[PDB]
Structures are given as C-alpha cells and as structure tokens.
Amino acid sequence: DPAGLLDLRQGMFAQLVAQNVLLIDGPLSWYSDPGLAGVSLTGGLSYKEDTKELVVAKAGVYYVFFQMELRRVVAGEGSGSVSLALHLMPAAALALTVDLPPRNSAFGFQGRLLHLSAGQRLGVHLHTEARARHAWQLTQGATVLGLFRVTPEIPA
Amino acid sequence: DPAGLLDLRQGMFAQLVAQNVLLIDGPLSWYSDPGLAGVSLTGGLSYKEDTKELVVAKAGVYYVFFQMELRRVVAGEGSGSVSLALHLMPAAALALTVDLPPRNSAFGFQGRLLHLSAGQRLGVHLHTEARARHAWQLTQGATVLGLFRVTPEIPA
Amino acid sequence: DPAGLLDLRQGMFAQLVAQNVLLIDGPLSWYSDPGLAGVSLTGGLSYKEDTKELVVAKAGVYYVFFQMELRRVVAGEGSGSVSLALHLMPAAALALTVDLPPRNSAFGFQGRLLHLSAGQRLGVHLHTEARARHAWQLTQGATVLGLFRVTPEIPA
C-alpha cells in the first residue's frame, strides 16, 4: 500500500507539505515535516518520504484546508488560474482556485468541514494550463494540506 | 434544578453524548463521558447521570455543534428525515436535519457560533415521523453536542 | 514606531482589549491584558500600554474576530448602529455592525479568515452617529480583537 496513514485523535492536528514545484496536472506528492507542528504520517513511510495517497484511519468530521503559494519565476510572463482539488479515492470534496496576474506572487487558502469514514483514501490533484505552467511555480514548502479532527469516538 | 451545568473557560471544550436510541419526538437526554475529551458537566449530577436541560454558566460566544449518526435496524424499511434543534429555554438556535435513504447508515453534522448569556438554559429536541421512527435508531454513543468557548471574560 | 507587535506561531492565539468607552469615530486603542489567555503584544510597549496600530510579524492565514458589547448609560435615550472595521494600513477586511434598540445592552461578534503578509500594519476604526454616541458606551473591557494563527512556516 503506497499510502501514508493519518491517525488523529479528537482535537489533534496534522499537516502535510507538497514536494511539487512545477505546475503539472495530476496528484501532488506529500510528506510530513517534523519541524512543523502536528502529528506525523504513519503506516510505514520513512522520515520525510512523500506519497500521493493518504488514508484517514478514524471516521469523523475534520476541518480540512489547502494553502497554496505561487511565484512567477519567468519575468514578464504567465497568467491563468491554478486549481487544487481533494478527491475521495477510488464532485471535489474541497477545492481551491488561485488566479495569476499577468505582483509576482499569488496566494490562496480554503478550508471546510468534511465527513471522512474510517479508512477513507484521499488524493489531491493540481490543474492549470500551459501559459501558467511555463512561467509560474509553487513556492517551495508553502503548499500545505491541513487536517483537524473535530469529533470523538463512541464511548467504550 | 434538574439541569447539568457547563462552566467553560475561554479556549476550553465540552461535549455531551445522547443516551437516546429510539427516534422519539422531544428532548434528548445527555451525559458527560469522562472517557471523551473535554470538561465534565457540573452542578450536582452524578457520574454519567443524564439530563434533558443544560445551563451555560459563562456569557460568551461558543462554537456549538451537533453530530448525529443513525442506522436502519429493520431490514428493508424506513425513510424520511430526522431533525435536531437546540432551543434556548424557557427560531432554533442550531438545527440539523438528516435524510434517510429508503446504505443502512446516515450521518450529519452542523455547527455554528452562538452568543450565550450567563445562566442560559438549553435543550435539544429531536423530530421525525412514523416511517423513520419504526425502522431506524440513533447509533449508540454517536449523538454528540459539542461546545467550545471562543471569547474571554472582562479583565479584573 | 508607535505600533504593538503580534508575533504568533502556528496554533497560537492573541487577543487585545479596547481601552475606549465613548463611541467616538476613529481608531480604537488596544492593550494586552496578561490576566486573559494568549500571547502578549511585543515590540517595546510597556505592561498594558495601549496602541492604535498593530503589526503582524508572520505571514499567514489568521482567524480574526471582533467582539463588541455596548450599554445604554443615558436612561430612555439612544438608537442607531455602531460599526467596527479592521483596516489594513497604510474595502474593510473584517467588519461588525451592531444595532441599538430605542433592552439596555447590545452585543455582536464577527470573525473571519484573513491572509496577512509579514509586517502587515492593522488598525480598527469605530463609527456611529450622534444619537447613539450621546446615550450609549462600550462596556468596559468587553471590546476584543482576537487573532489565531492557522498556517505554518515554510520548513527549514
């Protein structure tokens, strides 16, 4: 199973940083950075090993957010939009679109409450087009997926 | 006074579990489970003693949520909706409705910020109809009322 | 630099209490009260020294809220609305309006997620009109500006 495991108790928080910098269509690759607050990814992944798939171990409602920072690396060029979408695997649960000015930075954040069943597999896909992809990149280390568990277990 | 007391400091959290399993119209009965995170109910109630009335001791804004899980216990039967509504005692402050498929589970969550005055009495009423009530039940221990205090006292 | 400094780590919280009681148009004056939860204002301000300007040291998304409590001090008089608006210095990021009955109390709360860049200067302006200003006041110590940092730094 290539996925990392997120096992959160109520009131506990985890965040994942995207390895990607190029705006390439498809699943982002995530890792846990122990220098950041929160619980680490589990299920057999090594220290800072990145994965495109995540499994949420506990059923619950989670506040889930995306943050994305972009920057224009090719002077005088690029425009369009860049989107992220969280997909339940195997419509988007949570989506974030950020517009790029033809300022040389762009930023977006979006979160929401999501119900996630035990064992729920998750992926995040990025989409943009050629004009943006050829001139802009993700700022390194600033694309983050956050999860906060709101709800409890059933009493023993 | 039959009510349990919720005395929360800023930044502190309490949750109550519903004793009910039958979908009967009227006030739900709540207790604090010490095996769950958060502050316990106070004001003279015994260990896991349930109550239909709650009094919030401190004036403030609280994030308040309901969670409800239901399950079809009579094979091949039941449909409709089930509602919860928080009432200020003695319009609903917070309401949650969940639709039941004619899957054998249903789930809902709703929260919101509420201003609650010192001493504010609270009850939660459940409503549904015969068809749902005769075939579905609350999953045991998964109906929860959560309160999180956002705001502070006046400085001394 | 007359501003107080807010230097918050991820997951950390700070709140400021307004010194003002009169409903006078213009910037409110804020101080940190160590008797309240959260991180203190920094940047050279003394113990409970109040300031009209705040600088947020770390770039991030913050949940920011205003709370305001008002009370009718002149019996049988006053009506209108009172507004607060957070301004990025040097449209309003966050705004709260509270209506005053011609009950002798009024209350409002509003919060929202805001993206704040490193070094972002902030002020809060109050507005009302003569009729309200001549009969109502801010309850002392109950006007609060809260900030909670949601997002992380870039990994080292």
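Excluded from the calculations below are hydrogen atoms, water molecules and symmetry mates; all remaining heavy atoms, backbone and side chain alike, are included. Order of the sequence lines fixes the chain letters, A, B, ..., with proteins taken first and strands second; residue numbering starts at 1 for each chain.
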Any donor-acceptor N/O pair, A:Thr51 side chain to A:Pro2 backbone, under 3.5 Å: yes

Of all pairs that satisfy ring pair (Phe, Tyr, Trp, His ring centres under 6.0 Å), the ones with a partner from residues 48-88 of chain A, not counting sequence neighbours: A:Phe65-A:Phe109, A:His87-A:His125

Flag, side chain of A:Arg121 to backbone of A:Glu53, donor-acceptor distance under 3.5 Å: no

Close side-chain approach of B:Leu41 to B:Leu54, heavy-atom, < 4.5 Å: yes

Flag, side chain of C:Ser29 to backbone of C:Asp50, donor-acceptor distance under 3.5 Å: no

Closest contact, heavy atoms only, C:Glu69 versus C:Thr139: OE2-OG1, 2.7 Å

Atom CD of C:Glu49 with >12 non-hydrogen neighbours under 6.0 angstrom: yes

Separation of B:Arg112 CZ from B:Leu96 CG (nearest 0.5 Å): 12.5 Å

Distance, nearest 0.5 Å, that separates CZ of A:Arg72 from OG of A:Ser79: 8.0 Å

Step-by-step side-chain contact (heavy atoms from CB on, under 4.5 Å) determination, B:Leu84 to B:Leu145: CA-CA 10 Å; B:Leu84 295 184; B:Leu145 169 67; over 6 Å; no

Between OG on residue B:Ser105 and CG on residue B:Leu100, distance to nearest 0.5 Å: 10.5 Å

Neighbour count above 12 (heavy atom, 6.0 Å) for A:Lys48 NZ: yes

CG-CD distance between C:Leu23 and C:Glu129, expressed to the nearest 0.5 angstrom: 11.5 Å

Under 3.5 Å: donor-acceptor pair, side chain of C:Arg149, backbone of C:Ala14: no

Distance (rounded to the nearest 0.5 Å) between C:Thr128 OG1 and C:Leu70 CG: 8.5 Å

Exam field: side chain A:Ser81 to backbone A:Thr97, donor-acceptor pair closer than 3.5 Å: no

Minimal non-hydrogen separation, B:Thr151 against B:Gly60, with atom names: OG1-CA, 3.2 Å

Under 3.5 Å donor-acceptor, C:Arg133 side chain and C:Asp25 backbone: no

Heavy-atom side-chain proximity of B:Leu88 to B:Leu116 below 4.5 angstrom: yes

Side chain to side chain, B:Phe107 and B:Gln67, heavy atoms closer than 4.5 Å: yes

Exercise: identify the closest heavy-atom pair between A:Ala142 and C:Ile154: CB-CG1, 4.3 Å

Non-hydrogen atoms of C:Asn20 and C:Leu138 that approach each other most closely: O-CD1, 3.6 Å

Any donor-acceptor pair under 3.5 Å from B:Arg71 side chain to B:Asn104 backbone: no

4.5 Å side-chain heavy-atom contact, C:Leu6 and C:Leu122: no

Where C:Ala3 and C:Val55 come nearest, the two heavy atoms and their spacing: CB-CG2, 3.8 Å

Other residues, nucleotides, ligands: >12 heavy atoms within 6.0 Å of A:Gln140 CD: no

CA sep, side-chain torsions, deciding dist, call: B:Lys58, B:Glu153, side-chain contact (heavy atoms from CB on, under 4.5 Å): CA-CA 8 Å; B:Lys58 300 301 171 46; B:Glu153 297 292 287; 3.9 Å; yes

Listed once per pair and sorted, the ring pair (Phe, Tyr, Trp, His ring centres under 6.0 Å) pairs that draw on residues 4-41 of chain A, sequence neighbours left out: none

Flag, side chain of B:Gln110 to backbone of B:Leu94, donor-acceptor distance under 3.5 Å: no

side-chain contact (heavy atoms from CB on, under 4.5 Å) between B:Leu114 and B:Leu86, worked out: CA-CA 11 Å; B:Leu114 303 177; B:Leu86 183 69; 3.7 Å; yes

Expected output: side-chain C:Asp33 to main-chain C:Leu16 donor-acceptor under 3.5 Å: no

N/O donor-acceptor pair under 3.5 Å between B:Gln10 side chain and B:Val150 backbone: yes

Shortest non-hydrogen contact between C:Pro152 and A:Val144, atoms and distance: CG-CG2, 3.9 Å

